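Heads up: the structure comes next, in structure tokens.
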Amino acid sequence: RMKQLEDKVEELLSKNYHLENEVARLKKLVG
Amino acid sequence: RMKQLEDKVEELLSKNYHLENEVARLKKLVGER
């Protein structure tokens, strides 16, 4: 269980970084 | 140590959901998906 939680943290972090890059992209297209 | 990791998952999931909602909104604005 400890490793699966450690893996899920790292996974969500990378998803969050992606969604932040999308916002910045879509914010550029509004300009 | 488990409680700490479970708390981190819950925190990052919530952040995810908020970014997702914002991306959905901006895509309608620009005329994307």
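Quick note on naming: the chains in the structure tokens go A, B, ... in the order shown, residues restart at 1 in each chain, and ligands are numbered from 1 in order of appearance.
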
Chain A contacts to chain B at 8 Å (only C-alpha atoms) as number ranges by chain: A: 2, 5-6, 8-9, 12-13, 15-16, 19-20, 22-23, 26-27, 29-30

Using C-alpha atoms, can you write the selected residues to a file as a JSON list (two decimals), in the first residue's frame?
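Result written to result35.json:
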[["chain", "number", "residue", "atom", "x", "y", "z"],
["A", 2, "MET", "CA", 2.80, 2.52, 0.73],
["A", 5, "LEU", "CA", 0.20, 5.82, -2.66],
["A", 6, "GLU", "CA", 3.70, 7.13, -3.43],
["A", 8, "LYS", "CA", -0.37, 7.93, -7.21],
["A", 9, "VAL", "CA", 1.06, 11.20, -5.74],
["A", 12, "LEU", "CA", -1.40, 13.36, -9.99],
["A", 13, "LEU", "CA", 1.43, 15.80, -9.83],
["A", 15, "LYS", "CA", -1.39, 15.51, -14.51],
["A", 16, "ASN", "CA", -1.62, 18.82, -12.63],
["A", 19, "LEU", "CA", -3.39, 21.01, -16.98],
["A", 20, "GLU", "CA", -1.48, 24.09, -15.97],
["A", 22, "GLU", "CA", -3.06, 23.83, -21.06],
["A", 23, "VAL", "CA", -4.50, 26.80, -19.23],
["A", 26, "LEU", "CA", -5.57, 28.46, -23.98],
["A", 27, "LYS", "CA", -4.90, 31.79, -22.35],
["A", 29, "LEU", "CA", -5.25, 31.79, -27.84],
["A", 30, "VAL", "CA", -7.59, 34.30, -26.11]]
